[PDB]
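Labels below follow one simple rule: chain letters A, B, ... track the order of the sequence lines, proteins then strands, and each chain is numbered from 1.
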Amino acid sequence: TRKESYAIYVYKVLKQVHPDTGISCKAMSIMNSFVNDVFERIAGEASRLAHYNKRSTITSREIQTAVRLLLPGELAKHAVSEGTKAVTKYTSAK
DNA sequence: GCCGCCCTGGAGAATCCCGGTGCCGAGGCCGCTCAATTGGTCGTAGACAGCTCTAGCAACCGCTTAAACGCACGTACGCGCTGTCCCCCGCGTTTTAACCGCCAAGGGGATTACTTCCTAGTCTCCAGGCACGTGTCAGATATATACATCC
């Protein structure tokens with residue numbers, strides 16, 4: 001049975017930040033739970049933001065506002081940067 | 001004989017009650033009006049059945065061993081009492097700014113209606129990324145055997 005997860009992406013991000021460090025299966029379960037929880041929080045806040053403004057679509061502005069609302073302080077400030085240029089790079093390609 | 005002082009009766013004005021009439025809050029009625037209802041059609045979500053494989057469960061075993069438990073002692077700490085002093089509370093007096101009512105113009109933003117176009121949903125086809133399994137390979141580890149040496 002094909003069970004989807006964020007395992008390989010968390011592993012390759014780990015190899016970016018720590019190329020000689022491994023990880024255990026329980027820590028990967030915790031990382032998968034963290035990514036799913038943060039995805040659910042940001043998507044729910046963006047859904048509420050689209051509902052309050054009478055908009056039928058979720059754009060990058062809603063995700064940016066949800067990140068500013070949920071992420072505390074400087075963690076938002078870099079992440080709002082880290083999303084934006086990625087969107088810009090996507091605009092440079094697609 | 002004339003003048004001043006005390007006692008008692010009926011008429012004029014203030015107040016309570018009732019009836020006619022006008023004004024505030026709320027409900028019935030009417031008109032618009034848009035969203036719920038009804039009727040029909042169709043696609044698919046989910047119920048049902050079937051087979052396979054793995055986890056759980058009730059009740060028992062046996063062994064090990066570390067945790068739990070009971071007890072004695074001792075001493076450290078919770079708690080009560082007392083003093084003290086200091087800081088917060090109550091009150092009187094003076095200030096002061098909140099609050100309410102006012103300009104004066106201008107912009108922000110909520111609606112209503114309208115136009116337009118870009119972008120995201122949908123569909124079809126395809127291919128490569130992800131998941132799983134395996135052959136192979138270099139680093140780590142353990143020992144076999146030969147050489148220098150102390151007693």
Side-chain angles (χ1 to χ4, degrees), chain A residues 1-93:
Chain A
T1 314
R2 181 160 294 179
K3 168 70 171 178
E4 91 182 356
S5 168
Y6 293 106
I8 45 159
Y9 319 106
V10 160
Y11 188 92
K12 64 187 58 171
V13 161
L14 169 68
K15 297 286 99 175
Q16 293 200 266
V17 295
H18 281 293
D20 50 342
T21 311
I23 196 158
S24 53
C25 284
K26 298 290 181 179
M28 293 300 291
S29 197
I30 288 161
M31 282 326 279
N32 199 48
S33 303
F34 167 76
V35 172
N36 273 123
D37 187 7
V38 166
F39 167 78
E40 176 54 56
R41 284 194 230 177
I42 295 178
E45 197 50 53
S47 166
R48 277 188 303 264
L49 273 155
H51 181 82
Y52 298 148
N53 290 269
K54 309 310 172 233
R55 297 284 196 261
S56 296
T57 183
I58 284 175
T59 53
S60 50
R61 276 196 86 244
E62 270 95 353
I63 305 280
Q64 175 167 238
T65 312
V67 159
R68 262 161 177 139
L69 280 156
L70 279 149
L71 262 68
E74 184 178 1
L75 263 183
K77 188 251 291 180
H78 286 85
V80 163
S81 178
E82 214 68 35
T84 300
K85 65 182 181 180
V87 169
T88 307
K89 183 175 174 66
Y90 186 69
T91 301
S92 73

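Protein atom CD of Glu4(A) is 14 Å distant from nucleotide atom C1' of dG129(B), rounded to whole Å. Between the P atom of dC132(B) and the CZ atom of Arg2(A) lies a distance of 8 Å, rounded to the nearest Å. For the pair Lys12(A) NZ and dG129(B) P, the interatomic distance rounds to 10 Å; values are reported in whole Å.
Sugar puckers are classed by the sign of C1'-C2'-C3'-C4'; that of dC102(B) comes out north, on the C3'-endo side. The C1'-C2'-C3'-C4' dihedral of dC81(B) is negative. Its furanose therefore counts as south. Judged by the sign of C1'-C2'-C3'-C4', the furanose ring of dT94(B) adopts a south, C2'-endo-like conformation. Pucker assignment for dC61(B) gives north. The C1'-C2'-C3'-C4' angle has a positive sign.
Side chains of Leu69(A) and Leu49(A) form a contact here, defined as non-hydrogen atoms less than 4.5 Å apart. Residues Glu62(A) and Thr59(A) meet the side-chain proximity criterion, which asks for heavy atoms closer than 4.5 Å.
Residues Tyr9(A) and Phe34(A) are members of one and the same hydrophobic cluster, defined by side-chain heavy-atom contacts under 4.5 angstrom among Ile, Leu, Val, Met, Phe, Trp and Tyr. Under the 4.5 Å side-chain heavy-atom criterion for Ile, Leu, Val, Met, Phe, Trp and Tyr, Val87(A) and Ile63(A) are members of distinct hydrophobic clusters.
The backbone N or O of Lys26(A) lies less than 3.5 Å from no partner atom in the side chain of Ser29(A), so there is not a single donor-acceptor pair. Panel note: side chain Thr88(A), backbone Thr84(A); a donor-acceptor pair is recorded below 3.5 Å. A side-chain donor-acceptor contact under 3.5 Å links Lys15(A) to the backbone of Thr21(A).
Considering OH of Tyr6(A) and CE of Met28(A), their distance stands at 12.5 Å, rounded to 0.5 Å.
Listed by residue number, the members of residues 24-34 of chain A with any heavy atom below 4.0 angstrom from DNA chain B form an empty set. Contacts between residues 42-64 of chain A and DNA chain B, defined by a heavy-atom separation below 4.0 Å, involve no residue at all.
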